[PDB]
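Everything in the sequence shown is counted per the entry's author numbering, starting at 5 for the first residue and increasing by one. Working notes, structure below.
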Amino acid sequence: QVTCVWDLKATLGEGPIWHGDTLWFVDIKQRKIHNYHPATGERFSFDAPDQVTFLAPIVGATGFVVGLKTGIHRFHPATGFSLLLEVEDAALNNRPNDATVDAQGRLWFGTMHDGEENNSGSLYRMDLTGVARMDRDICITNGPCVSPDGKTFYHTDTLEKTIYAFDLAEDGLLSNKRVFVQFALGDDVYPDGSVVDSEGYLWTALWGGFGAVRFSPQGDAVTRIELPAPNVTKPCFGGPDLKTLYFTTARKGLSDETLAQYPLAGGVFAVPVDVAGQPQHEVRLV
Ligand SMILES: O[C@@H]1[C@@H](O)[C@@H](O)OC[C@H]1O
Ligand SMILES: O[C@@H]1[C@@H](O)[C@H](O)OC[C@H]1O
Ligand SMILES: O[C@@H]1[C@@H](O)[C@H](O)OC[C@H]1O
Ligand SMILES: [Fe+2]
């Protein structure tokens, strides 16, 4: 049985990372940044001026790169949020979503239509050279991640239920886009966030799928973890050995009867696994 380590009941828990030997994540719709210490069970929360969608630590503990609906900001507990750059026109009614940091310190993050209807979202790569638009015309982007060897990049079109794979060159460009995995069975099962473990396997959390799936680098499902929560948003490897798989979940979109049957929905869950994950990388801004 899977254990819920924090009965947070978040509306849209998302973007978990393992940083400073603690778990950091967000509640997008409640505009919260949460921090959880597994060794003591202590929890901390910070209020955000708008929807906050991802966190990525910057080298030197100079804060996090975070995604607010108003743009990409820096967040530091002792200075708040300060605008780093607007990436899209506010008229699009877009907002950032998921993100990851590769082994070279680059921040890959996506945008999406906040109304979840228009194909106005894009994929961006933020590094020392600036911000480059890597893909476009995606309604809900999700789960950017790179393989441990750095040669493969994964990205998710959630509403199309598709996970694509790209060839990633050392210079940082994507090529040879192809469908990695397509979800067919499940009318209300959508792929949300994904990560890649130390062995190159893809862990994908299922929106409306009550858990997460582990895929071989060839695209075959090999393991499924089930949670007492209908909408699982993202996995994150943490713990002292990177073998404790945490999961964020969401109460958004669930009826009152479903939430009464699954009262732990929106909480943070943890499961021990056999394969360790990848260490968290930090964004290079200098
Ligand atoms: O690592 C840092 C963390 O300890 C806290 O201060 O938030 C800012 C981060 O950069
Ligand atoms: O809005 C949600 C988005 O934040 C999440 O990443 O994927 C599921 C969507 O419904
Ligand atoms: O799981 C339930 C929890 O969500 C609620 O808050 O307290 C009662 C528990 O049974
Ligand atoms: Fe997501």
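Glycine included, C-beta positions come from ideal geometry on N, C-alpha and C.
For ligand 4, residues whose Cβ lies under 7 Å from any non-hydrogen atom:
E18, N101, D102, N146, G147, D196, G197, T237 and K238
Under a criterion of Cβ closer than 6 Å to any non-hydrogen atom of ligand 3, which residues qualify, in chain order?
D11, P267 and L268
Local conformation of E261 per DSSP, three classes:
helix
Tell me the residue span of the beta strand (DSSP E) that contains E203.
Element bounds for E203: n/a, residue is neither H nor E.
Any chance the CB of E120 is under 8 Å from a heavy atom of ligand 2?
yes
Spatial neighbours of residue 330 within its chain, please: CB distance less than 8 Å, with the 5 preceding and 5 following residues excluded, ordered by chain position.
The requested residue 330 is not part of the displayed model; the chain covers only 5 to 290.
Beta-carbon separation of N39 and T26 under 9 Å?
yes
Should the region 205–215 be regarded as contacting the region 224–243, the criterion being three or more beta carbon pairs within less than 8 Å?
yes
So, using beta-carbon positions, are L59 and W28 closer together than 9 Å?
Result yes, Cβ atoms of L59 and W28 sit closer than 9 Å.
Using only Cβ atoms and a threshold of 7 Å, which residues come within that distance of a heavy atom of ligand 1? Order them by chain position.
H23, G24, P61, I62, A65, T66, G67, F68, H80 and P81
So does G257 have its beta carbon nearer than 8 Å to some heavy atom of ligand 2?
yes
Taking only three categories from DSSP, how would you classify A94?
helix
Those runs of the beta strand (DSSP E) which lie wholly inside the region 191–262 and span at least 3 residues
194–200, 206–211, 215–219, 225–230, 235–242 and 248–254
If you follow the beta strand (DSSP E) that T145 is in, where does it begin and where does it stop?
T145 to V150
Residues near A14 by beta carbon distance below 6 Å, same chain, minus five either side
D31 and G270
Would you say the beta carbon of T162 comes nearer than 8 Å to a heavy atom of ligand 2?
yes
Would you report the Cα separation of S151 and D245, rounded to the nearest angstrom?
19 Å
Hey, quick one: how far does the beta strand (DSSP E) through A136 stretch, first residue to last?
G134 to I142
Can you tell me whether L16 sits near ligand 2, meaning its C-beta is under 8 Å from at least one heavy atom of the ligand?
yes
Between the region 275–286 and the region 255–265, do at least 3 Cβ pairs fall closer than 8 Å?
no
Give me the Cα-Cα distance between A264 and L231, rounded to the nearest whole angstrom.
Roughly 15 Å separates the two Cα atoms.
If you count every other CB in all the chains shown that lies within 10 Å of the CB of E121, and 16 or more means buried, which is it?
exposed
Nonlocal neighbours in the same chain, by C-beta distance under 7 Å from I62, ignoring five residues either side
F68, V69, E286, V287 and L289
Can you look up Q186 in the DSSP assignment and give me helix, strand or coil?
strand
So is the beta-carbon of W207 under 8 Å away from any non-hydrogen atom of ligand 2?
Every heavy atom of ligand 2 is 8 Å or more from the Cβ of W207, so no.
Which value, in whole angstroms, describes the spacing of the CA atoms of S198 and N98?
When rounded, the distance between both Cα atoms is 21 Å.
Can you give the Cα-Cα distance for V193 and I229, rounded to whole angstroms?
Their backbone Cα atoms lie some 15 Å apart in a straight line.
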